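Only one chain is shown below, in structure tokens, and it's the form deposited without the named molecule.
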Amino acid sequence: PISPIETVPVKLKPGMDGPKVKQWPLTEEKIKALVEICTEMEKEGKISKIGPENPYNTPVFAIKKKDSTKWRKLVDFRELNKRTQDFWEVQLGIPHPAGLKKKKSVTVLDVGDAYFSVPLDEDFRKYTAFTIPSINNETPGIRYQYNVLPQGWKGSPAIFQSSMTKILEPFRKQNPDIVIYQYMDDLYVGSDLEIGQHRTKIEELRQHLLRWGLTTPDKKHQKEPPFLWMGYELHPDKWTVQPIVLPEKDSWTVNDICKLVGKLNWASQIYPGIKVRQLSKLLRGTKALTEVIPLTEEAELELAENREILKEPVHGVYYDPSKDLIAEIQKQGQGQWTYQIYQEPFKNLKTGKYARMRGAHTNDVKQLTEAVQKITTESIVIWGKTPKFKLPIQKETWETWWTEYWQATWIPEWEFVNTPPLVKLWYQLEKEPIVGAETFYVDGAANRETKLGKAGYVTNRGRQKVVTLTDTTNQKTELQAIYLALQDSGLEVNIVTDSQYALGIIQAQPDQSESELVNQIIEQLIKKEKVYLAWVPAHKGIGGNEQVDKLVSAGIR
């Protein structure tokens, strides 16, 4: 039947008209499927034959469903979608099994022909004109418009989600302590009732929906565990993901890689240890989906470890609100991290991975802080509160970093976990100049026209060095000068620079950079015992800065 709910008014974008697009040729099988669907829908008033007063048309096709018996009628409304008003999407996210609470009784059920039960605004119906091509030479082709929501229109998901929320509002008010997770037309229904009373309430709900025109065919009314829901299997006390099949190709294209990375990201929600850094880097600067990229050895090994991880059996548990939420973070290399969220020690609620590279230069404490942030907003979405953390970082390390760092940074209630690799700072700049360490005055200059430059230093003990550079920049010459002072100094060095660029980088204590030259600097800094970095304004005649400025400006400025 068709819902007696009020329609949602919609409009074309201003100054625009309905689509005029030729039906394309479909196979005969799809034409029979469409014909059966269409004459049945026409009998039920879901579609209406139209005449030549309607000038519009847009192509139509069909695909098999999850149930491979039944067909699904679709409409390529890409034109009309372009010309249709904007909507505000109401589906803000995706429900997650780890957020479900234990329930005495559970039912999953699906609405039959969901879209085709929700009326479409009358004023807009004419733009949905479509044509079923002739199945014969002796039979011509019927033209229809839609009276209900069509699949392929950009307004259908939101209008259906909103209509469903309205339809379920009365039942929810009357039944506040029965929980109905509503994913488009999938309903997970949970109660704390004994199975009999629960089934009675479910019948109430089915009849409530039927009064509003939505059927719940028994074919999709799951009554016994394990429940199949949102890509998972729900058992009474544990959940799992429906199995992941990684491809086993020998030649790999960009598209093959995107498929692999997508399935691994899906799997990491419950499998600990998934890593995609190398596989993902493989996609850099690629041309198009067809480009074959050859696996690096690093990516080869990564994929091997992931395949092994996937051969293991794993599950999640449901949420108990009367216990704390605990997230535990584990480091892997390359700015990669995994996490486990749980309430009792070896019973994960879920797992995950953080790997995103933020910024040209960074270190492991920064990365850990942003992994904490990601997990915190994920926890607020799924459980509505913040978890308690267990991090591989010593309280003194955090303390030191939060002292030395000029930015506001913070991490909620947490506790040190002694599972290496521990997060550390790999060097520490001095706060005061160092007695007995030689003092270097460094500078660089670069000619913006020819891109030739010079880096170099003078020391208070009389050493002087100038190094010439080709195809460089001012910022790069400054970095090279600092690198040179580090190479030629002892285990303890005072360095003076005029470049607040270089000072801002080095002061934030990076241990990774996408710049080779900053990596080389970082390596040097780890080899040292004491480094002190002072700043002076450039071009003011100050101290040793003047001598080195005159040295490096010589053939370049």
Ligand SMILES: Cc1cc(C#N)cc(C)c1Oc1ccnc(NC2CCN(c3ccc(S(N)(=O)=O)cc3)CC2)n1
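Each residue number is its position in the shown sequence, starting from 1.
- The question of which stretch, 508-516 or 53-61, has the higher mean Cα B factor is settled in favour of 53-61.
- In this entry, 310-318 has the higher mean Cα B-factor, the comparison being between 478-486 and 310-318.
- Out of 101, 104, 281, 350, it is 281 whose C-alpha atom has the highest B-factor in the PDB entry.
- Within the listed group 177, 89, 169, 449, the record reports its top CA B-factor for 449.
- In the deposited entry, the Cα temperature factor of residue 27 sits in the top third of values across the chain's modelled residues.
- Per the PDB record, residue ranking by Cα B-factor puts residue 240 in the middle third of the chain.
- Per the PDB record, residue ranking by Cα B-factor puts residue 262 in the middle third of the chain.
- Ranked by C-alpha B-factor against the other modelled residues of its chain, residue 528 falls in the lowest third.
- Ranked by Cα temperature factor within the chain, residue 40 sits in the highest third according to the deposited record.
Below, we turn to the form deposited with the named molecule bound, even though it does not appear here.
- Three or more atoms of the named molecule, overlaid from where it sits in the deposited complex, fall within 2.4 angstroms of backbone or C-beta atoms of the displayed form, which makes the pocket blocked.
- For a residue to qualify, one of its non-hydrogen atoms must sit within 4.5 Å of the named molecule in the deposited complex; none of 30, 140 and 143 qualifies.
- Screening 392, 119, 155, 190 for any heavy atom within 4.5 Å of the named molecule in the deposited complex leaves a single hit, 190.
- None of 359, 273, 433, 95 but one reaches within 4.5 angstroms of the named molecule in the deposited complex through a heavy atom, and that residue is 95.
- In plain terms, the part of the chain that comes close to the named molecule in the deposited complex, with a heavy atom within 4.5 Å, is 231-239 out of 337-345, 288-296, 383-391, 231-239.
- Contact between residue 333 and the named molecule in the deposited complex is not found at the 4.5 Å heavy atom cutoff.
- Residue contact check for residue 420: none of its heavy atoms lie within 4.5 Å of the named molecule in the deposited complex.
- The closest non-hydrogen atom of residue 170 lies beyond 4.5 Å of the named molecule in the deposited complex.
- None of the heavy atoms of residue 366 is located within 4.5 Å of the named molecule in the deposited complex.
- In the deposited complex, just one residue of 307-329 lies within 4.5 Å of the named molecule by at least one heavy atom: 318.
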